[PDB]
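Enquirer: Next up is a structure, given as structure tokens.
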2 protein chains.
Amino acid sequence: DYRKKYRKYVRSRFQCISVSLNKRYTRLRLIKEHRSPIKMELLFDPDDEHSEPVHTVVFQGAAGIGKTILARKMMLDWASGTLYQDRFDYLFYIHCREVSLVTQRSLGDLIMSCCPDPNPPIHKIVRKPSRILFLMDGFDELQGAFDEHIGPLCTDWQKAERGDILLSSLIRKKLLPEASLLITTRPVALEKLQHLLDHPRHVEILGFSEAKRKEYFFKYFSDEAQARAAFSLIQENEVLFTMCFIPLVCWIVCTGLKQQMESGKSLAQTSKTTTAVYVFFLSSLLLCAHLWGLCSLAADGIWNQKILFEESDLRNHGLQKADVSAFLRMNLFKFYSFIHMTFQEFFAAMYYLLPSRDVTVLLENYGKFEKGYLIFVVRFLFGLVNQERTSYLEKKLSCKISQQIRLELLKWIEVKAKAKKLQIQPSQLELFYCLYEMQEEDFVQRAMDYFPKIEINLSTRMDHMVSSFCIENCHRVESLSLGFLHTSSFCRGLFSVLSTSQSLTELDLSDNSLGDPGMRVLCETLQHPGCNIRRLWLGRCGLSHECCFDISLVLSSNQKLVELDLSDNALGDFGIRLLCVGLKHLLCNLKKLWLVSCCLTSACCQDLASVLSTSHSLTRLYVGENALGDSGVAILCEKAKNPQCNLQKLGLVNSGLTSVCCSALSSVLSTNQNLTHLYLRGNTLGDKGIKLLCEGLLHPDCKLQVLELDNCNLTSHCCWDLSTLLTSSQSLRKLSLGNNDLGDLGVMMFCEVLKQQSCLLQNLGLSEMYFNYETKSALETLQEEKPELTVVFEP
Amino acid sequence: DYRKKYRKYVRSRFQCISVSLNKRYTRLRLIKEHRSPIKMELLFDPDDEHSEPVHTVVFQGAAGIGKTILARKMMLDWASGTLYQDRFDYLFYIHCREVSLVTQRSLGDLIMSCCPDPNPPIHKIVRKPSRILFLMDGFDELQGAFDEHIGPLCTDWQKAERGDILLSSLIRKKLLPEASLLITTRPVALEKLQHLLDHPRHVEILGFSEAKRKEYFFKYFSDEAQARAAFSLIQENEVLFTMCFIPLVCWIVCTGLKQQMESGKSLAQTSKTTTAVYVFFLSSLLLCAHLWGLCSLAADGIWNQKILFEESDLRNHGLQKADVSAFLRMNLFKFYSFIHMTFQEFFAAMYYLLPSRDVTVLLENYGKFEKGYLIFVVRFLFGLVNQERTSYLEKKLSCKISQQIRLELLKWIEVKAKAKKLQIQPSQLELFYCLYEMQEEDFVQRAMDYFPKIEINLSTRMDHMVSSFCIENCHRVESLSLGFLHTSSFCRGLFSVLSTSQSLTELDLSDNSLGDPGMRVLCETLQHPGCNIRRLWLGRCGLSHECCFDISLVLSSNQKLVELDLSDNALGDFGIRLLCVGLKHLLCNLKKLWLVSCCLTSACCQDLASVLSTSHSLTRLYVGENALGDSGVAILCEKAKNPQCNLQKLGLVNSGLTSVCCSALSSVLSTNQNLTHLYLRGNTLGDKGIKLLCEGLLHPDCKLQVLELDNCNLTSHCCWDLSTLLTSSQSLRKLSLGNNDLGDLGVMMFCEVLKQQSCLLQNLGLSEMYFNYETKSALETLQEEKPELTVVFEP
Ligand SMILES: CC(C)(O)c1coc(S(=O)(=O)NC(=O)Nc2c3c(cc4c2CCC4)C=CC3)c1
Ligand SMILES: CC(C)(O)c1coc(S(=O)(=O)NC(=O)Nc2c3c(cc4c2CCC4)C=CC3)c1
Ligand SMILES: Nc1ncnc2c1ncn2[C@@H]1O[C@H](COP(=O)(O)OP(=O)(O)O)[C@@H](O)[C@H]1O
Ligand SMILES: Nc1ncnc2c1ncn2[C@@H]1O[C@H](COP(=O)(O)OP(=O)(O)O)[C@@H](O)[C@H]1O
């Protein structure tokens, strides 16, 4: 059968990368991304049979993380008899470097290119569209492929179409919808796919763990003692060991070490950044005319989208056949390419330091993946313009480089930081990569003074290290938002430089899986004498009652903390009991406290009240969305009635309240001169509860200014009472009353009351309340009648 | 309800054929045809629910086998309440004789023609397309219906289309796809219809068995004594009783006997062939002007495709209304037709002996069914041109006939036999039918001298008799291939005339269900002193160890047998033990023996070796595809090392071998001067095994010439060893090495070795081995460098 012939063909083709792929291969860390380990067998398997088409799978990875090697290993395993031997007919390796937009070819012609025979049985293949898979590797082919509106989609596979249109039709499941796809791509090209996909399954590639680094370093060196020595020399440099999570850096450093050892020379060289790694690799593998030819060749390829280089183009750039080095890898189809596109990048940067030679036009034109790649370009550029590496590079390669380009890059980063450009293109972490690449402290200080509001999302150890370096070097940061993915080991490094910073005032960690150990580390950090953090948000950090002990320690030790948030954490009654110990200290200067939806009950209300009568600083307390109950609110109000209480804003939204507690609240309104705001949204107070409250709001000593009563189940019966409030309350300024069936007569009474000049009110919230056209017209008459009084009643 | 009205209509219409159909009907033999008894209820039922339009059923039968009667009986049974009273709404009797291509009508028009009412509820019928059956009887209507490219297919049953296009749309399931079909057809019309079908279910009609012949002979004659007398008179004629498997011949002979008995005359007339039957029927039912008119009418109908004759056409051929005979059946729609199309055939032939009158133009124009029918034409013509029947026919009917037409038919068969025309039109058995029809020993002997390579398939006793007659009368047959369908009863007669032949040398019976009794009969045949068979192939004949006893008897008795093949038969160790008794006899001249996939083990290897050291004639032994093992191969080799052993070619393909036995093989290569070939494909010898073998092939006394090592699990490590062979082996000429991962360095070493003039090798098989373009180009440069050395490396 031709099936076994094709299997043997792909097994022979993908056996080596020569060196054996099976010997070379090391397992990578694969994790599912989209949330409401992973194996390939279950990867193509549907998690839910109800799910819309599973067979679309997108692999996400950095440059050199091993997407191509992963796809080739999948083909090798499938051919060798390991992956889906149950039933899955064919796998087609569409290497997007070969695919070009200008050429007009059909799917049959593409399979012809992927088949070993000049006349494979294509019709039999098409007869089984459900058993066909396409490994689309490297969606990073060129620019302008999809930035325009997609033209007509082709379903007739015999028809010849352009590369872009054919790929769009294949991806969008219009051409052979039953065919399966697996696309290895970049995050920006991931955004492009998300603009061209419908329910795909996303899988991330992380690379090598420490054990996998052991495995790779043992597999590379044929001699076990040599491998042990090389890895031992790697160990004492933490930067290299952290960077080695990417297999490409492992390969480069192993090649350098092997070549130096074959020459019998010292292996002790160390590279601070990626640029230093590449520079030492080139120096080991390295006349100036040949360097200029290579640089111009790379620049031409970058500008004109040409990755596979022909002999004519090679000749155009002043390079002879005798100039072929170990950098260019050959593929006879006669074509030359680079080992990885990052090398073409590095040589293009070297060109820009040694195609237009102005960096401004390079920076202006962005699009598709290449923008980040062009930023990746400047990344190596950022590395090369350094007071240390430039001198040694010029000495080694006998070259000359200027430094106005560094000032131009500084202007570019200034513009990028000051530019708002939210949620557009790679924004924050990549700039930190560039700054860490340069490693010039003075430039870093001059460059990060434009950042202050910093928001980053970290997923790898290298991300943690670069963020730590940048935040430590910064001196004008005020607000800092951290996101964590897939912790405490590198949190111990981040939080130290967060504490040492003398300009930070905010610290947002909401919506993370910080956990109890992470919160313990953060609290150990916050106890530092030099800490300056004044606001700390911890919403939905997955915390429990265990973190409250450490938070209480911080509150009893830290005199600068002013605001704190703990919303959506299951602290519980015991958590609040632990927290109130710190809250009652004399060194606790906390002013605002959020406890919305902390799974509290009426039991903890005895503790919080003790804080209100004792805390000399706590003014604004929000305890909404908790089953406090009428008894709990009564317990709070029993201590809140004291005129010495400093409480100003109180939040009881959706706190499961009835009218029974309202009288107690009224007492506070009669006695507390400090309570200016009070939110009661979502509580079924009722008309009797509103009357009991108005008994207190009408008191001469009441100083309330804002009151919310949304969704309080208020009918027309109470509409008179509030009217009596409006003419009499000399302090109330705002009042929200949405989500009620007050009725048209009630709003008529309100409008009749408000036309007087004796009302000091300035806002009424009647949104989500539906009224007939006469009432609406009355409200417009009122709203342009009284400009200072605002009513919201939009339909 | 109109359903019951139409049921009553068809029940009344199909009650008689007058005589009652139920009284007349006799059960026919029905069998499924396509392979990887049958009853109509399961025949419409799907064997597998996964099977694709099961509802399409095609019936295959000879002329007069009873396809029309079977369809009419099915319709009568369905109307009477016997076939699918569960649920199946309508069956429509589309008699293809009525359907014409010129007339343009719709499906509703056809149903109206098949309906008794001028305005049937057609829309209600279309509303239930899954409960509609179309019974297309006689797909052999006319010529040119489908020989051209099929035009556009019509799906709108309202639209009027031509007969050919409408039938194509209906059959191809484009017009009412949910409708079921049942087509009765001819084998050549089967070919054409299968060129218009997609997964149909084929059912073959065989006719009457001996019990069914008894039943029909009792049913026809109303008097039991008369029926017994007629059957007793018929039975003593063996040829007539064999031809009686066709119901039409039974009807003709019964009508003749009944008419002769009514006239009180003798019934002793005997007919050797079908032509004699028809001639005696004519004599019983039979002025010369009327005969010429009938003959011209039949010829005109044959040439212009007109089966239903009008009175205008009747007058056109000099036939008056007073000339209406007992043959022409009338159908008032006013139309005349023949009893069967075979009668129109016979009268067209009679015209050709008594429209163009040249037989050459008759023979040239063939197509559709009619070609065979036209051959059917000449079949009766072949009967009529005889030294015996012609004189009696001329005396009876007062006619004159010439004999140059016989010479023209002889030239036609000369051309047909000389013409290659493989797998095109009716080729071999039908010519035998014509020759048996003529019954002239001189003409048959002169005509069969150009047959020699005969390949025929037999399914009925009539086929056995005609083939036996033709083979017995032949004198220049060399090769003879027999196929059997659905045995020994007529094999006992066929094999006798096979043995008596003094020119036969080969006898191929591969892929039959010959079985042990059949092989016993064949062995009794082969022991005849006059047998001349020299090669006997018996692959996959379903043989077992029981036939080996008889084969050993033959080998000990038959001294002319030279080659014998027993591949794919479960002979087993005991079978080989029985065979080796005959193989070791002094009168056994067998030279070549095949035992591929005979379910052998290492146990039988002790016996085969005893043959090698004893058999003075066995030179080529093939025992591949058996689980012989290393021990078995060692047992063979320890006897094959003998210098006096005459073994030349040894086959061990896929014999489950390892390197352990290879050394033993090496010893044979060092000792046996006669071993010139050795096939080891599929055995995991390995590089160590290849080295052990090359220890032997490099011996000065080794005389091997061809060696195969495909799929031997050979890596690059052994590539040096074979190279040492190439420069040193002075006898090897061929070497095959496909299905290996030899590597590019290995083929480079081979090419470097081969460019020397000292290499006597002439062939290397590197197919299915995949190499890069440099290795490819080197391979061509070598192949045009050395024209005498051929390498196969096609991609
Ligand atoms: C900011 C974010 C999320 O890390 C990102 C955005 O875009 C990309 S990437 O797709 O450009 N790939 C890379 O940067 N790979 C890459 C990395 C390092 C070192 C090297 C490479 C390539 C060779 C040396 C160290 C971390 C990533 C990554
Ligand atoms: C070679 C092969 C397989 O027997 C064949 C090929 O084509 C056809 S047939 O379809 O032309 N039908 C017939 O010959 N019927 C037929 C036969 C006999 C006698 C008569 C008839 C018709 C009336 C008398 C004796 C055997 C067949 C048959
Ligand atoms: N599983 C692995 N084992 C060993 N090396 C790997 C592995 N995956 C990737 N590499 C290294 O990565 C380099 C190629 O990376 P590549 O697959 O091109 O990354 P990408 O697909 O993201 O461009 C190779 O030099 C190879 O040594
Ligand atoms: N089951 C049967 N019982 C009795 N006679 C039959 C039967 N089937 C066919 N015949 C005979 O065959 C003749 C018609 O054959 P027909 O059905 O037209 O063959 P085909 O359908 O192959 O043309 C009739 O004269 C009838 O006597």
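Here, A, B, ... name the chains of the structure tokens in the order displayed, residue numbers run from 1 inside each chain, and ligands are numbered from 1 in the same displayed order.
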Give the residues of chain A that lie within 7 Å of chain B; count only C-alpha atoms, and format the answer as a list in words.

Expert: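 Residues satisfying the distance criterion: residues 9, 12, 116, 117 and 332 of chain A.
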
Enquirer: If you count only C-alpha atoms, which residues fall within 6 Å of stretch 547-550 of chain A, apart from same-chain ones fewer than 2 positions away, as a tab-separated table (two decimals) with N, CA, C and O atoms, in the first residue's frame?

Expert:
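The file below, out25.tsv, is the result:
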```tsv
chain	number	residue	atom	x	y	z
A	516	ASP	N	-1.24	30.85	50.17
A	516	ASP	CA	-0.73	31.13	51.51
A	516	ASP	C	0.78	31.26	51.57
A	516	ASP	O	1.27	32.20	52.21
A	523	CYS	N	4.46	39.02	52.89
A	523	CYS	CA	4.39	39.66	54.20
A	523	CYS	C	5.77	39.78	54.83
A	523	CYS	O	6.07	40.78	55.49
A	544	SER	N	-6.53	32.30	52.21
A	544	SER	CA	-7.39	31.68	53.22
A	544	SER	C	-7.12	32.31	54.57
A	544	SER	O	-6.46	33.35	54.66
A	545	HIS	N	-7.64	31.70	55.64
A	545	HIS	CA	-7.44	32.26	56.97
A	545	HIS	C	-5.98	32.21	57.39
A	545	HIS	O	-5.58	32.90	58.34
A	552	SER	N	-1.78	40.33	59.72
A	552	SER	CA	-1.85	40.99	61.02
A	552	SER	C	-0.46	41.37	61.51
A	552	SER	O	-0.27	42.44	62.09
A	553	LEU	N	0.53	40.50	61.29
A	553	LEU	CA	1.90	40.84	61.64
A	553	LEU	C	2.36	42.09	60.89
A	553	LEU	O	2.97	43.00	61.46
A	575	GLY	N	-10.51	33.93	59.98
A	575	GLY	CA	-9.64	34.88	59.31
A	575	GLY	C	-9.82	36.30	59.82
A	575	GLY	O	-8.85	37.01	60.08
A	578	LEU	N	-8.33	36.63	63.30
A	578	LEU	CA	-6.88	36.81	63.25
A	578	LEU	C	-6.52	38.22	62.77
A	578	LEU	O	-5.58	38.83	63.29
A	579	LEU	N	-7.25	38.73	61.78
A	579	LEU	CA	-6.93	40.04	61.22
A	579	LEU	C	-7.15	41.16	62.24
A	579	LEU	O	-6.36	42.11	62.30
```

Enquirer: Residues up to 9 Å from ligand 4, counting only C-alpha atoms and all ligand atoms: could you list those as a PDB file with C-alpha atoms, in the first residue's frame?

Expert:
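As a result, pocket_16.pdb now contains:
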```
ATOM      1  CA  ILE B  17     -48.420 -15.294 -18.367  1.00  0.00           C
ATOM      2  CA  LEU B  21     -48.408 -18.137 -13.104  1.00  0.00           C
ATOM      3  CA  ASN B  22     -48.714 -19.723  -9.653  1.00  0.00           C
ATOM      4  CA  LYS B  23     -49.429 -23.119 -11.216  1.00  0.00           C
ATOM      5  CA  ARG B  24     -46.613 -22.680 -13.751  1.00  0.00           C
ATOM      6  CA  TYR B  25     -43.950 -21.179 -11.472  1.00  0.00           C
ATOM      7  CA  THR B  26     -40.977 -23.322 -10.445  1.00  0.00           C
ATOM      8  CA  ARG B  27     -38.284 -22.200  -8.018  1.00  0.00           C
ATOM      9  CA  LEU B  28     -34.963 -21.028  -9.467  1.00  0.00           C
ATOM     10  CA  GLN B  60     -27.743 -11.527 -13.766  1.00  0.00           C
ATOM     11  CA  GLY B  61     -29.129 -14.258 -15.989  1.00  0.00           C
ATOM     12  CA  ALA B  62     -28.759 -15.846 -19.381  1.00  0.00           C
ATOM     13  CA  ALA B  63     -31.315 -15.455 -22.147  1.00  0.00           C
ATOM     14  CA  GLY B  64     -34.395 -17.370 -21.072  1.00  0.00           C
ATOM     15  CA  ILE B  65     -33.134 -18.062 -17.552  1.00  0.00           C
ATOM     16  CA  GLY B  66     -36.358 -16.574 -16.190  1.00  0.00           C
ATOM     17  CA  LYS B  67     -35.554 -13.008 -15.171  1.00  0.00           C
ATOM     18  CA  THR B  68     -38.871 -11.667 -16.482  1.00  0.00           C
ATOM     19  CA  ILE B  69     -40.832 -14.568 -14.992  1.00  0.00           C
ATOM     20  CA  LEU B  70     -39.032 -14.119 -11.666  1.00  0.00           C
ATOM     21  CA  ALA B  71     -39.874 -10.406 -11.595  1.00  0.00           C
ATOM     22  CA  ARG B  72     -43.512 -11.066 -12.502  1.00  0.00           C
ATOM     23  CA  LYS B  73     -43.751 -13.758  -9.818  1.00  0.00           C
ATOM     24  CA  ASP B 137     -36.532  -5.657 -16.598  1.00  0.00           C
ATOM     25  CA  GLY B 138     -34.215  -6.241 -19.539  1.00  0.00           C
ATOM     26  CA  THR B 184     -32.604  -7.694 -14.453  1.00  0.00           C
ATOM     27  CA  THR B 185     -29.768  -7.678 -16.964  1.00  0.00           C
ATOM     28  CA  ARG B 186     -27.197  -9.625 -19.005  1.00  0.00           C
ATOM     29  CA  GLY B 207     -32.375 -21.802 -13.227  1.00  0.00           C
ATOM     30  CA  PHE B 208     -33.689 -25.306 -12.585  1.00  0.00           C
ATOM     31  CA  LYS B 212     -36.909 -28.472 -10.277  1.00  0.00           C
ATOM     32  CA  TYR B 216     -41.607 -28.441 -14.109  1.00  0.00           C
ATOM     33  CA  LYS B 219     -46.478 -29.214 -13.757  1.00  0.00           C
ATOM     34  CA  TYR B 220     -46.533 -28.742 -17.540  1.00  0.00           C
ATOM     35  CA  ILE B 246     -32.669 -23.022 -18.609  1.00  0.00           C
ATOM     36  CA  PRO B 247     -36.465 -22.725 -18.239  1.00  0.00           C
ATOM     37  CA  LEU B 248     -36.860 -21.539 -21.843  1.00  0.00           C
ATOM     38  CA  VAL B 249     -35.446 -24.778 -23.260  1.00  0.00           C
ATOM     39  CA  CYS B 250     -37.754 -26.719 -20.939  1.00  0.00           C
ATOM     40  CA  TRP B 251     -40.730 -24.735 -22.234  1.00  0.00           C
ATOM     41  CA  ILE B 252     -39.743 -25.267 -25.874  1.00  0.00           C
ATOM     42  CA  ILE B 339     -42.071 -15.229 -27.974  1.00  0.00           C
ATOM     43  CA  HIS B 340     -38.497 -14.397 -26.958  1.00  0.00           C
ATOM     44  CA  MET B 341     -35.723 -12.274 -28.430  1.00  0.00           C
ATOM     45  CA  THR B 342     -33.876 -15.533 -29.113  1.00  0.00           C
TER      46      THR B 342
END
```

Enquirer: Using DSSP secondary structure from the backbone, list all alpha helix (DSSP H) positions within stretch 447-694 of chain A, as a PyMOL selection string.

Expert: chain A and resi 447+461-473+488-500+515-526+545-557+572-583+605-612+629-640+662-671+686-694

Enquirer: Could you give me, as number ranges by chain, the residues within 9 Å of stretch 345-356 of chain B, counting only C-alpha atoms and dropping anything in the same chain fewer than 2 positions from it?

Expert: B: 275, 278, 291-292, 294-303, 340-343, 358-359, 361-362, 373-374, 376-381, 384-385, 399-403, 405

Enquirer: Export, as a PDB file, in the first residue's frame, the selected residues with C-alpha atoms.

Expert:
```pdb
ATOM      1  CA  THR B 275     -30.112 -25.042 -32.845  1.00  0.00           C
ATOM      2  CA  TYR B 278     -35.185 -24.619 -32.337  1.00  0.00           C
ATOM      3  CA  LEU B 291     -40.830 -17.767 -44.107  1.00  0.00           C
ATOM      4  CA  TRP B 292     -38.908 -15.109 -46.036  1.00  0.00           C
ATOM      5  CA  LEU B 294     -40.649 -13.613 -41.086  1.00  0.00           C
ATOM      6  CA  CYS B 295     -36.883 -13.733 -41.643  1.00  0.00           C
ATOM      7  CA  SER B 296     -36.791 -10.245 -43.171  1.00  0.00           C
ATOM      8  CA  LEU B 297     -38.991  -8.919 -40.358  1.00  0.00           C
ATOM      9  CA  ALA B 298     -36.615 -10.322 -37.743  1.00  0.00           C
ATOM     10  CA  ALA B 299     -33.568  -8.949 -39.571  1.00  0.00           C
ATOM     11  CA  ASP B 300     -35.147  -5.497 -39.844  1.00  0.00           C
ATOM     12  CA  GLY B 301     -36.023  -5.546 -36.150  1.00  0.00           C
ATOM     13  CA  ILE B 302     -32.477  -6.572 -35.231  1.00  0.00           C
ATOM     14  CA  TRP B 303     -30.911  -3.858 -37.387  1.00  0.00           C
ATOM     15  CA  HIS B 340     -38.497 -14.397 -26.958  1.00  0.00           C
ATOM     16  CA  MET B 341     -35.723 -12.274 -28.430  1.00  0.00           C
ATOM     17  CA  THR B 342     -33.876 -15.533 -29.113  1.00  0.00           C
ATOM     18  CA  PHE B 343     -36.526 -16.336 -31.731  1.00  0.00           C
ATOM     19  CA  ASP B 358     -22.969  -9.396 -45.917  1.00  0.00           C
ATOM     20  CA  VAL B 359     -21.782 -11.071 -42.717  1.00  0.00           C
ATOM     21  CA  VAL B 361     -20.619  -5.774 -41.591  1.00  0.00           C
ATOM     22  CA  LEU B 362     -22.622  -7.893 -39.138  1.00  0.00           C
ATOM     23  CA  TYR B 373     -26.366 -10.930 -28.793  1.00  0.00           C
ATOM     24  CA  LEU B 374     -24.930 -10.523 -32.282  1.00  0.00           C
ATOM     25  CA  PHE B 376     -25.566 -15.018 -30.036  1.00  0.00           C
ATOM     26  CA  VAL B 377     -26.826 -14.361 -33.569  1.00  0.00           C
ATOM     27  CA  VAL B 378     -23.860 -16.094 -35.160  1.00  0.00           C
ATOM     28  CA  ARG B 379     -24.184 -18.802 -32.508  1.00  0.00           C
ATOM     29  CA  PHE B 380     -27.408 -19.993 -34.106  1.00  0.00           C
ATOM     30  CA  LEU B 381     -25.802 -19.269 -37.460  1.00  0.00           C
ATOM     31  CA  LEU B 384     -27.379 -23.805 -39.004  1.00  0.00           C
ATOM     32  CA  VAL B 385     -24.309 -24.174 -41.261  1.00  0.00           C
ATOM     33  CA  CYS B 399     -35.104 -23.636 -49.017  1.00  0.00           C
ATOM     34  CA  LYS B 400     -31.570 -23.174 -50.346  1.00  0.00           C
ATOM     35  CA  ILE B 401     -28.430 -22.268 -48.388  1.00  0.00           C
ATOM     36  CA  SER B 402     -24.793 -21.701 -49.395  1.00  0.00           C
ATOM     37  CA  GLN B 403     -21.579 -22.487 -47.521  1.00  0.00           C
ATOM     38  CA  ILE B 405     -20.574 -18.094 -44.894  1.00  0.00           C
TER      39      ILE B 405
END
```

Enquirer: Which residues are close to residue B:454, i.e. within 10 Å by only C-alpha atoms, leaving aside same-chain residues fewer than 6 positions away? Reply as JSON, numbers by chain.

Expert: {"B": [428, 429, 471, 477, 478, 479, 480, 481, 482]}

Enquirer: Ranking A:637, A:422, A:240, A:581 by minimum distance to ligand 1 and counting only C-alpha atoms and all ligand atoms, which one comes first?

Expert: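 Counting only C-alpha atoms and all ligand atoms, the residue closest to ligand 1 is A:240.
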
Enquirer: For stretch 122-131 of chain A, list every protein, DNA or RNA residue within 9 Å, evaluated using only C-alpha atoms, and leave out those in the same chain fewer than 3 positions away; present the list as a list in words.

Expert: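 Listing them by chain and then by number gives residues 87, 88, 89, 90, 91, 108, 111, 112, 119, 176, 177, 178, 179 and 180 of chain A.
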
Enquirer: I need the residues from that last selection saved to file as a CSV table (one decimal), in the first residue's frame (with N, CA, C and O atoms), if you can.

Expert:
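Written out: part.csv:
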```csv
chain,number,residue,atom,x,y,z
A,87,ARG,N,-6.0,4.6,14.3
A,87,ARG,CA,-6.3,5.0,12.9
A,87,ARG,C,-6.1,6.5,12.8
A,87,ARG,O,-6.9,7.3,13.4
A,88,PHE,N,-5.1,6.9,12.0
A,88,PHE,CA,-5.0,8.2,11.5
A,88,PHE,C,-4.1,8.2,10.3
A,88,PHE,O,-2.9,7.9,10.4
A,89,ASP,N,-4.6,8.4,9.1
A,89,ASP,CA,-4.0,8.1,7.8
A,89,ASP,C,-2.7,8.8,7.5
A,89,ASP,O,-1.6,8.2,7.5
A,90,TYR,N,-2.8,10.2,7.4
A,90,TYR,CA,-1.7,10.9,6.8
A,90,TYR,C,-1.4,12.2,7.6
A,90,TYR,O,-2.3,12.8,8.2
A,91,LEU,N,-0.1,12.6,7.7
A,91,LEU,CA,0.3,13.8,8.2
A,91,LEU,C,1.1,14.6,7.2
A,91,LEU,O,2.1,14.0,6.6
A,108,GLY,N,-3.7,20.0,-4.0
A,108,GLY,CA,-3.1,18.8,-4.6
A,108,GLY,C,-1.7,19.0,-5.0
A,108,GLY,O,-0.8,18.1,-4.8
A,111,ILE,N,0.4,18.9,-1.8
A,111,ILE,CA,0.6,17.5,-1.4
A,111,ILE,C,1.7,16.8,-2.3
A,111,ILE,O,2.5,16.0,-1.9
A,112,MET,N,1.6,17.2,-3.6
A,112,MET,CA,2.6,16.7,-4.6
A,112,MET,C,4.0,17.1,-4.1
A,112,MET,O,5.0,16.3,-4.1
A,119,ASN,N,3.6,11.2,-9.0
A,119,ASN,CA,2.1,11.0,-9.2
A,119,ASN,C,1.6,10.2,-8.1
A,119,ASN,O,1.3,9.0,-8.3
A,176,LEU,N,-11.7,21.6,2.4
A,176,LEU,CA,-11.6,20.4,3.1
A,176,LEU,C,-11.9,20.7,4.6
A,176,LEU,O,-10.9,20.6,5.4
A,177,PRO,N,-13.1,21.0,5.0
A,177,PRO,CA,-13.3,21.3,6.4
A,177,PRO,C,-13.0,20.1,7.3
A,177,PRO,O,-12.7,20.3,8.5
A,178,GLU,N,-13.2,18.8,6.8
A,178,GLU,CA,-12.9,17.7,7.7
A,178,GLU,C,-11.4,17.5,8.0
A,178,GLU,O,-11.0,16.7,8.8
A,179,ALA,N,-10.5,18.2,7.3
A,179,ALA,CA,-9.1,18.1,7.5
A,179,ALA,C,-8.7,18.7,8.9
A,179,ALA,O,-9.3,19.7,9.3
A,180,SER,N,-7.7,18.1,9.5
A,180,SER,CA,-7.3,18.6,10.8
A,180,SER,C,-6.0,19.5,10.6
A,180,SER,O,-5.3,19.3,9.7
```

Enquirer: Can you pull out every residue within 10 Å of residue A:643, counting only C-alpha atoms, but drop anything in the same chain fewer than 5 positions away, and send it as a list in words?

Expert: residues 613, 668, 670, 671, 672, 673, 674 and 675 of chain A

Enquirer: Generate a file of the selected residues that holds N, CA and C atoms, formatted as a CSV table (one decimal), in the first residue's frame.

Expert:
```csv
chain,number,residue,atom,x,y,z
A,613,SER,N,-14.7,50.6,67.4
A,613,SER,CA,-14.6,51.4,68.6
A,613,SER,C,-13.1,51.6,69.1
A,668,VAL,N,-27.4,54.9,64.4
A,668,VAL,CA,-26.1,55.4,63.9
A,668,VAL,C,-26.3,56.7,63.2
A,670,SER,N,-28.4,58.9,63.6
A,670,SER,CA,-28.8,59.9,64.5
A,670,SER,C,-27.6,60.4,65.4
A,671,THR,N,-26.6,59.5,65.6
A,671,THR,CA,-25.6,59.7,66.6
A,671,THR,C,-24.2,59.9,65.9
A,672,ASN,N,-23.9,59.2,64.9
A,672,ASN,CA,-22.5,59.3,64.3
A,672,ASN,C,-22.5,60.6,63.4
A,673,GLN,N,-21.6,61.5,63.7
A,673,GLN,CA,-21.4,62.7,62.9
A,673,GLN,C,-20.4,62.5,61.8
A,674,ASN,N,-19.8,61.3,61.7
A,674,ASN,CA,-18.8,61.1,60.7
A,674,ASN,C,-19.2,60.3,59.5
A,675,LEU,N,-20.3,59.5,59.6
A,675,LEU,CA,-20.8,58.7,58.5
A,675,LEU,C,-21.3,59.6,57.4
```
